[PDB]
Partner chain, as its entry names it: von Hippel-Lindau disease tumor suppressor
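Just the one chain here, the form deposited without the partner chain, laid out as structure tokens.
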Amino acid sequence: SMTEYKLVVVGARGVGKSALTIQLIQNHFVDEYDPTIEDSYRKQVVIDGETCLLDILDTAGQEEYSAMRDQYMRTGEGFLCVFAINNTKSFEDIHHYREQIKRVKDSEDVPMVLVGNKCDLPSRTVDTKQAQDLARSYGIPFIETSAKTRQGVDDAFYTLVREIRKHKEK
């Protein structure tokens, strides 16, 4: 037997939630944009020498359905909060996702990781310091990633598991 962790990937449309998840599960990337309705994946990994099962919910960033997130937020144990480093609006959208998660779970202590994706791209509009400062104000880790180069992909998911472990063993 191994422990299962219910991870949920959230963030504005087009920030790379699916590309990150597909890199984790399938080890590939494509430039094509296939917008998500809702997808679920499973993968076993070893994190700090301990095998575990990731149950990953890849959610829609399509903002018109923002009123349909409560149930997956109640069910999820930890949240990868993704923005794109070249999209300031998606960084602004982060605050609303976090406030939604805290409000739905009625807790200030919800396992989360801030993920700045697309770090391979030269057109950066969100400074690393800007995101580190926000994550510090949230009390959560920040990881820069590229689903294209795989930079930080494993680290982002593994860190979220570590955050959930701390919350459960609190």
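So that the term is clear: the rigid core is the largest set of C-alpha atoms that superpose within 1.5 Å between two forms. Positions refer to the first chain, counted from 1.
Missing here is the form deposited with the partner chain bound; even so, the following discussion is about that form.
The closest non-hydrogen atom of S107 lies within 4.5 Å of the partner chain in the bound PDB entry. For the chain shown alone, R103 is a contact residue for the partner chain in the bound PDB entry, at least one non-hydrogen atom being within 4.5 angstroms. After superposing the rigid core, the Cα of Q71 is displaced by 2 Å or more between the shown form and the other one. The two forms, fitted on the rigid core, differ between the shown form and the other one by less than 2 Å at the CA of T128. Annotation for the pair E64/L7: C-alpha atoms approach each other in the bound PDB entry, by 3 Å or more compared with this form. Legend note: Cα of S66 to Cα of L80 is at least 3 Å farther in the bound PDB entry than in the depicted form.
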